[PDB]
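Computed from heavy atoms alone, side chains included, the values below leave out hydrogens, waters and symmetry copies. Along the sequence shown, residues carry numbers from 1.
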Amino acid sequence: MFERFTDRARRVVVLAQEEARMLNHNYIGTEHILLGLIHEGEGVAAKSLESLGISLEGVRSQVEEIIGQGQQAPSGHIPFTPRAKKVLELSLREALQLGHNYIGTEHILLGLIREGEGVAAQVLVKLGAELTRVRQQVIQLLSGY
């Protein structure tokens with residue numbers, strides 16, 4: 001399932017799980033993948049989001065306002081929302097189309113933007129980062145060579 005992921009992209013998912021757990025969330029949603037992307041820091045996704053002033057604390061706070069903390073931290077494995085799974089499926093399609101054999105942070109963010117209709121998307125907009133501008137930042141950073 002994560003065989004195609006880069007090392008950094010694996011950390012994104014692992015950190016997404018813990019972001020969900022910290023909020024006593026019962027699923028890893030798109031917003032937790034967003035947090036995992038920021039958390040990684042060195043990837044194209046984090047750089048793109050940082051350039052648009054999208055911060056870890058900004059996102060966590062929005063998530064808390066929109067979703068709110070759950071009552072019980074889950075133990076062990078937290079499943080993906082259907083939407084988050086769709087984002088990861090789309091992440092593969094992004095990587096394939098761009099001619100990569102691996103899924104990197106860039107592809108996860110492009111996948112997330114492409115889905116464009118869950119909590120992550122809601123958060124981004126609330127924070128002033130329109131989805132097209134997020135995608136543009138990612139493409140620009142991938143186009144500088």
Side-chain angles (χ1 to χ4, degrees), residues 1-2 4-71 73-74 77-100 102-145:
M1 162 172 210
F2 308 122
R4 311 212 59 162
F5 283 48
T6 67
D7 293 337
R8 277 181 185 126
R10 275 179 163 277
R11 286 198 309 278
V12 163
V13 165
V14 151
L15 293 174
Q17 182 161 241
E18 299 310 312
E19 293 290 325
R21 196 188 313 286
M22 272 187 293
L23 289 163
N24 300 356
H25 291 169
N26 286 316
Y27 301 85
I28 313 172
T30 61
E31 72 280 28
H32 307 108
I33 290 173
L34 178 60
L35 285 166
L37 294 166
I38 297 166
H39 207 143
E40 185 278 307
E42 292 314 305
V44 168
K47 299 301 180 50
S48 298
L49 293 162
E50 177 185 47
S51 72
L52 306 181
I54 303 296
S55 64
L56 194 66
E57 288 303 350
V59 170
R60 286 176 176 163
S61 292
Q62 284 305 308
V63 171
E64 281 184 301
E65 298 181 7
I66 296 173
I67 306 305
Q69 267 216 64
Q71 305 272 292
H77 161 280
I78 307 176
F80 288 116
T81 61
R83 192 176 315 259
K85 288 182 299 180
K86 180 77 180 171
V87 163
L88 299 180
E89 290 165 357
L90 287 171
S91 303
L92 170 65
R93 288 195 65 64
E94 289 288 309
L96 291 175
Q97 285 180 91
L98 267 52
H100 305 124
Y102 55 79
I103 298 177
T105 75
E106 47 274 33
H107 302 117
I108 298 169
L109 183 48
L110 287 173
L112 183 152
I113 295 301
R114 196 164 300 284
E115 196 288 331
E117 290 188 9
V119 188
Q122 202 196 150
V123 167
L124 282 170
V125 176
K126 304 304 176 62
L127 284 181
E130 294 308 310
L131 297 188
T132 55
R133 204 177 74 247
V134 180
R135 178 184 222 289
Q136 285 179 17
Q137 196 72 9
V138 170
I139 293 298
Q140 158 201 119
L141 268 53
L142 293 178
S143 305
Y145 67 110

Greater than 12 external heavy atoms within 6.0 Å of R93's CZ: no
Donor-acceptor pair, side chain of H39 and main chain of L34, under 3.5 angstrom: no
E117 vs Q122 side-chain heavy atoms within contact, under 4.5 Å: no
Backbone N/O of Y27 and side chain of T81: donor-acceptor pair under 3.5 Å: no
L88 CG to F2 CZ distance, which is reported to the nearest 0.5 Å: 6.5 Å
Donor-acceptor under 3.5 Å (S51 side chain, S48 main chain): yes
Heavy-atom check, side chain of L124 versus side chain of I113, under 4.5 Å: yes
Aromatic plane relationship, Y102 with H100 - under 30° parallel, 30 to 60° tilted, over 60° perpendicular: parallel
Smallest separation among heavy atoms of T6 and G104, with atom names: OG1-CA, 3.6 Å
side-chain contact (heavy atoms from CB on, under 4.5 Å) partner of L37, the single match among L56, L49, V59: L49
N/O donor-acceptor pair under 3.5 Å between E50 side chain and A46 backbone: no
Candidates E94, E115, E106 - the one meeting salt bridge (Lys or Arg N to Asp or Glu O under 4.0 Å) with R135: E94
Gap separating the CD1 atom of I103 from the CZ atom of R10, nearest 0.5 angstrom: 10.5 Å
Side chain to side chain contact (heavy atoms under 4.5 Å, CB included) between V87 and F80, worked out: CA-CA 10 Å; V87 163; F80 288 116; over 6 Å; no
Which atom of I54 lies closest to which atom of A129, heavy atoms considered: CD1-CB, 3.6 Å
Pair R60 + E57, salt bridge at N-O below 4.0 Å: yes
Identified side chain to side chain donor-acceptor pair (under 3.5 Å) counterpart of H25 within the set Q69, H32, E19, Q17: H32
Nearest heavy-atom neighbours spanning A73 and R21: CB-O, 3.9 Å
Residues which pass side chain to side chain contact (heavy atoms under 4.5 Å, CB included) with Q136, listed by chain and number, not counting sequence neighbours: none
Sequence-distant partners of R8, side-chain hydrogen bond (donor to acceptor under 3.5 Å, both in side chains), two or more places apart: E40
